[PDB]
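Contents: one structure, followed by commentary.
So that you can tell them apart, the chains are marked A, B, C, D and E in the order they are listed, and the count of residues begins at 1 in each.
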């Protein structure tokens, strides 16, 4: 599991990037250099980099001098432009504050560009005692670690569903419950409520049917929550008021990942499952982060995995 | 049994095709190179190619270099275009997601086309120790094994029967049964139901009569299932588990389809006709079990078994 | 749990070793060429060939033209010396009717060498279209098939222990039981009897204690059958008598494995388990073959697994 | 708290040592090069090597070209002299099947050192693109992983104490208790019995006092069973009997640990605790391995933590 | 018998090694040089060294000048390195305070290295009139004679087993006996006791059986002693209270010896007997040194040999 990190080179930036690969791998980061195992069918790294978004999460770049003077290329000509095309495409397919890079001293790229620092580091044939790259890597580990728990992906189709679900259902039900004296559900009068959100492991095809069977199987009866339209939710019967729900909105991301890749294959494919897991984990992270923002939701709304 | 795989080389790469034959056969894949024994009565490989669809399931080829300059041929002239003619006709008769290829480093064939990646390998006269071709064969096996369990054959006459059967009968009765409180079947009230589908080994001649004589001897009583839209006639066994049974009545469709697929001029059943029956039935089983494992109303309550 | 074949070849004739490995593996024959990961510990092929007698069952060698004409050699001063040395040491550690060979049609090694007619083949590029070599491999395969249940001819101590066990306990017990109606057996008549033999699933240090524990688990008494000295075995309390006994002589073969495998290693190794299981399989095969060969014990003794 | 490995190199080959520790820690082996903060109290690498006979488990070292050709050296008159003397000290204090060696393509070290296959590598700049070095480190890793759970070779007194304890107490008591139905046990019958062995988490001087205190914590009475002399153990009052005992023989190993270190210092250090607990874990592993090798105790005794 | 010392010179200190051999013999220290008769099967001195620990007790190294300049070697190269590897591995197999050395005037070794003073001596072809090396052999003697009774060998299994024996058994029985007014042993009351320990001449196979067979034929009956766990011992009846015991802990060192040497060699060997005697004498020395230091053990616990 863990976060996927991608470092890019044309034909010579291999080992001075593999050092960062190994150090990040020491921190349980599945960092895949551009030629480990995924990109073997892909003849070039450009067709891989055009698929880095929402597939290889964060990324780093390393460039040196040995591929900066003169060389002929196969797919392109004047390969000296291929490195900067790679850098620009990688920075465009990830977004700012999510795509990092470094370069060698004397690399024909500016030290700073687009508000992202691109330090130039030394040669130091063996790098383990080069305590200038080391601080940068120690920093990047903790900066990325801050950006798994923080889902600043508002453009992504998962996060928009997450924020819509949170703000328009969880916030609404919690605000409605703090209106009448304590709680008015199914005749009996409760005192406190802890909302439960159950995110499925795999979405498959349709979500409403799964929610229906899941609620039927666990002996859960409907409730009325009045707020514009009153909300229908689910409560467990065994005054604690353990409210339960499954996000119905996940059908949107289900269809999105179905259409995202050319799918002429009945049933679930491993790539489809991996994309499913990525989108759902980002949805879960965004939902938790929004939950941890509002004071009325600090502790009264919990999300669990089943 | 197992999957059937085809490999195609013109007249000089047959050795590196035999190597892939051996490696696939080590993974329980039945592999028939285009000159094993079946195609000997066939005068050329092109009739075998026009008889490869729905018969050899998946397909592969190996592209070479030593037959790429000039040579005279019997059926054709300028045989040097037959490598790409093979690669085109073979991706035609089998379709995408059912045809693969491997090619030499720098071979005179397209690097990629039609969404089918064609990985490259070098000659390596020490073939068994080339950890580039072996990786390609390993991942081709891993790709294939993901396509036995998932039947992407919507054009096939069996997969459409599977989709129709599921969507119009199994999903329909599953939706109908989750309408009334627990169960209302023949007056008596059970709690939960287990739909069971029985796919025969062979379809014989007619399916309705086979169902009638199967359920006359196993002593199962009929039931009325009323959906929102015509009621679905099913049968529930009497011995509170509600084990509903049914056999796909529509398998006679695929029986007739593969009777008309091949020229059947002989009365009675035939070995090749049996092979086509088994192929279509296993594809139907795969498609139905995949559609069952999709919808949550069907994953558990509906099970397909072999009688 | 299948037969193992060791294929030995020079560093330049490894292609034929690989091809024969594939051909034998097509018959469910676990084949280990001298260059697998198991032999990375050992330094040279001579060390791995020295202990091939019991570790690797049968074997086969391939001698090629490129390692038989000119090379400087490392262990010896001449590869021409080397190849005949490995052939000799292999044919010595395995002996007659337990080792074969192959070589090029033009090799100076003669066809018949103290037995086992050594066939010929040609360097025909890719070998999947050689009828001669394939026919050779096929009759080799049928040879191992016909000599896997025959047993041994004075080989590893499993067979001699099996012969001793049968001819000194089983036959004498059965003769004693048939010499008169099986009436007494501690005062209760039984008519027919069954003598069940239970092979311990692994050689576990001292073996009589294991038999005592296993028999005590089933609440099994001791009977007193008379034959020179009376023989004592177990009964399992009268239409058909049932009698049990566990091979106690396997302690000797376990201790023999202990000596053969030099061990300052305090514990069990995968190598020790492999040798133990192979030698128990040999003992079991010898015993079953020899009990179905005879007439008194054709049907009245059953060998099973615990 | 895992396996530990010590890697030593000259002041210039520290690059190779760093790469090897990277490779080993990628395969879950805690590796300490001589340059760490642990060896600051020691003066020279020879004095760090002074106590590596048992402190740092397995060890491997590296020699290069120009730390083995010409230099002045500080401790000796020649760096070649220093490297060969240091390798001699390591190979002596570690021995066979517990040490390994790597050396540069031009190194003058012999390919054989009274055994132990010496691999061979080169200065290929950054070491993440070295196939042969990676494979040899991988075989080392597999050897270490398949070797750490076996036992010892007459090494630190943990293994000899384990063998003595088992073969003089556990086997004797188990054999005496299975020699007859466990009926008496001070006048009350139990049939089956369980012989629970508790390993103390840490060694604190005298251990029989610790045993008495711990047994009194559970209100345990003493029993007497006859076997030479009657062996007295503790019971835990009856379908299945249960017996307890913690190794009293650990007093000898604790005193050995105290004597092997300085006397003037009072109070335990982190180093003492680490070495002590490591060797205690070794004793526990040896005991459980020997138990699963034996017959009576395979399923009838339990070794657990206090 | 007496102390055994191994001395090492490569090819030019042979006369210088024989002189130190003679001067150690003058103090009755049996000296085996590396090529008397034992090491004839060993092709090189390196495989002689790989068994020098615990077999040849002490050690002395002799350094010569004509073996320091230049000479091609067989097992190594640049015998300048081979002698130093010798001096390092010999120190690694014996350690500090158990390994001494002598070096020629101007020899390329430190004057003081690793806590071993390496004294200087010139050639002096007539060695018997050299009052420099005679004085140094004298101080070697007065160092060694202090180190037979003092067994500071806490690493060696014999010493740790002895420490365990004393501290866990003899101290406990002495403390229990000096508790009630005079004596309460088998009902009868005595006044003073002489506990006695019978060190076996040979490790046999299991000291349990030897203990029973020895105590049965002296008509010695068991005694009950109460201290955690009670103590069972042996007392003779013919008020002197001669209690008896036999060290049962010697089983561990036994199995350690027969596992230390690879044993496919059934039966005892001269090497086995030599290790036997060395381990037994070390155990007896350690126990008798621990006994006289204490006050409760100096007088009432005597060690005897049958």
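A few comments on the model shown:
Convention: a contact is a pair of C-beta atoms (placed from the backbone, for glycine too) under 8 Å apart; a residue touches a chain by one contact, two chains touch by 3 or more.
Central chain (C-alpha centroid nearest the global protein C-alpha centroid): D.
When chain centres are defined as mean Cα coordinates, E lies farthest from chain B. No other pair of chains has as many C-beta pairs in contact as D-E.
One simple way to say how far apart two chains are is to compare their mean CA positions; for chain C and chain E this gives 46 Å.
Inter-chain centre distance (chain D to chain E, centres taken as mean C-alpha positions): 24 Å. Centre to centre, using the average C-alpha position, chain B and chain E are separated by 78 Å.
Residue positions of chain A touching 2 or more other chains: there are none. Contacting chain pairs in the structure are A-B, A-D, B-C, C-D, C-E, D-E. Remark: chain A residues 40-43, 204-206, 209-210, 212-214, 216, 262, 264-270 touch chain B in the complex. Residues 112, 117, 139, 142-143, 146, 149-154, 159, 162-163, 175, 178, 286, 289-290, 292-296, 298 of chain D are the ones touching chain C in the complex. Those residues of chain E that touch chain D in the shared complex are 44, 46-47, 49-50, 75-78, 80-81, 84-96, 108-110, 113-114, 152, 154-155, 157, 159-161, 163-165, 167-168, 172, 206, 208, 211-212, 215, 222, 228-234, 248-249, 251-253, 255-257, 259-260.
Interface residues of chain E, counted against chain C in their complex, comprise 259-264, 266. Partner chain D is touched in their complex by these residues of chain A: 14-16, 18-19, 21-22, 25-26, 125-129.
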